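Given as C-alpha cells, the chain that follows is alone and in the form solved without its partner chain.
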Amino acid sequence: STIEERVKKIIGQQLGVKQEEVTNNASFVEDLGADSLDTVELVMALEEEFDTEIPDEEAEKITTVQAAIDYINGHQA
C-alpha cells in the first residue's frame, strides 16, 4: 500500500489502464499519450483524491505515473 500504490490507481484509471500498466519510469504525455482532456481529469481527480490543491509549482512532476505517485507520496519536498 505504498504512496504511489494509491496514486497509480487514480492515475492509470484517469487514463484507462490497470495499476499494473502504470510503470515507474514512464510518461503519461508520450508513453501513454494523455491529451489535455485526460491530463486535466487526472489532476482534478488526483487533487480531490487526497483533498489537496496541487499548487502550480508542484505542477511539474506530474507528467507520468511515478511522478504523481511522488507528489501524493510526500509532495515535491
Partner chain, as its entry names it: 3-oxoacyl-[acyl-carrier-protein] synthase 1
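Positions refer to the first chain, counted from 1.
As for the form solved in complex with its partner chain, it is not shown, yet the points below apply to it.
For the chain shown alone, residue 56 is a contact residue for its partner chain in the bound PDB entry, at least one non-hydrogen atom being within 4.5 angstroms. In the bound PDB entry, residue 41 approaches its partner chain with a heavy atom inside 4.5 Å. Although the partner is absent from this view, residue 35 contacts its partner chain in the bound PDB entry, with a non-hydrogen atom inside 4.5 angstroms. Remark: residue 14 counts among the residues lining its partner chain in the bound PDB entry, judged by a heavy atom distance of 4.5 Å or less.
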